[PDB]
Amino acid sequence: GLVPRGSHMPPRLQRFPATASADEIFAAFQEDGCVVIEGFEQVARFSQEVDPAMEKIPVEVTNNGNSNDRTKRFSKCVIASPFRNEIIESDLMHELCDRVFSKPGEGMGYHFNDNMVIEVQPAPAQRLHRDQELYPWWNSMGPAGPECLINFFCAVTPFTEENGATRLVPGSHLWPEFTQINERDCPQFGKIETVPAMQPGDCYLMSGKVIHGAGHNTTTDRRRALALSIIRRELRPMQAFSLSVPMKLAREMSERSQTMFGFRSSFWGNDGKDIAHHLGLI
């Protein structure tokens, strides 16, 4: 008795506590392409730390169909928030990444693509898209292809259906053909059943194959999010973290986090040697 008996049931979107087993969350990730992780205070210290840089972002009102139309985005999160000390060291984050990406005896098969705070000003709904469209050939491999990208999308201010929270399409990672989602390329355009995604500090772990998009935003609510995009070791990051994150901060990171930001190798080597030698990190 989850929907009134006889009702059409909407797409399934499982929810796990931040204390749940990694293999339990992972089976739900494979089943639907996305899961919620409730509980993934630290969220408050972070928002306050990033709030000044947020305030120095002017808003554009363009009615252009762009993703910048009344949506604020900021990436220098390691520079701006002592995040770089607590948030990225989730032993469950790595627990999941290592199940999605790593192979036995290659160590870490993953690293960071971006660390982005997204704040939808009260803004047209984002176009529906797969994240893996960032690597434009991936869709051509269809649902049999390997994962390139997963996203720990974390709520900062709460996610109402009013402030424009992300609308996810669970199960779109198993559709036979992966297309652009528009009226010309997507036969299912307009019949696509979305499910809106949430309280601060909770994260939904989404595959790069799942259709989704930010909805329309209210009068007062700036709905703020924090995206942890993590990609295959073989793919290139959107952010050049090891060129803009200062060496002072890289020295305080763990071996595994230096790898996530490319201050360390596992690809991205230095003539047969780990790049961390030449940088002075033993």
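Position 1 is the first residue in the sequence shown; the rest follow in order.
Notably, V156 is never a gap: all other compared entries of this protein, restricted to those modelling both its neighbours, have coordinates for it, so the one-third criterion is not met. Across the other PDB entries of this protein whose models span the neighbouring residues, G269 is modelled without exception, so it is unmodelled in far fewer than a third.
Gap check for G142 to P143: zero deposited residues are absent from the model. According to the PDB entry, the deposited sequence contains 1 to 3 residues between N217 and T218 that lack coordinates. Legend: mean Cα B-factor per stretch from the PDB entry, 67 to 75 versus 145 to 153; the higher mean is in 67 to 75. Per the PDB record, of the two stretches 268 to 276 and 9 to 17, 9 to 17 carries the greater mean B-factor over its C-alpha atoms. For the set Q42, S229, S257, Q239, the maximum C-alpha B-factor listed in the entry falls on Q42. Per the PDB entry, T160 shows the highest C-alpha temperature factor of the residues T160, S207, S102, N115.
Annotation for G190: CA B-factor lies in the middle third of the chain's modelled residues. In the deposited entry, the Cα temperature factor of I37 sits in the top third of values across the chain's modelled residues.
Among the modelled residues of its chain, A28 has a C-alpha B-factor that falls in the middle third according to the deposited record. Among all modelled residues in its chain, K248 ranks in the middle third by Cα B-factor. Per the PDB record, residue ranking by Cα B-factor puts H173 in the lowest third of the chain.
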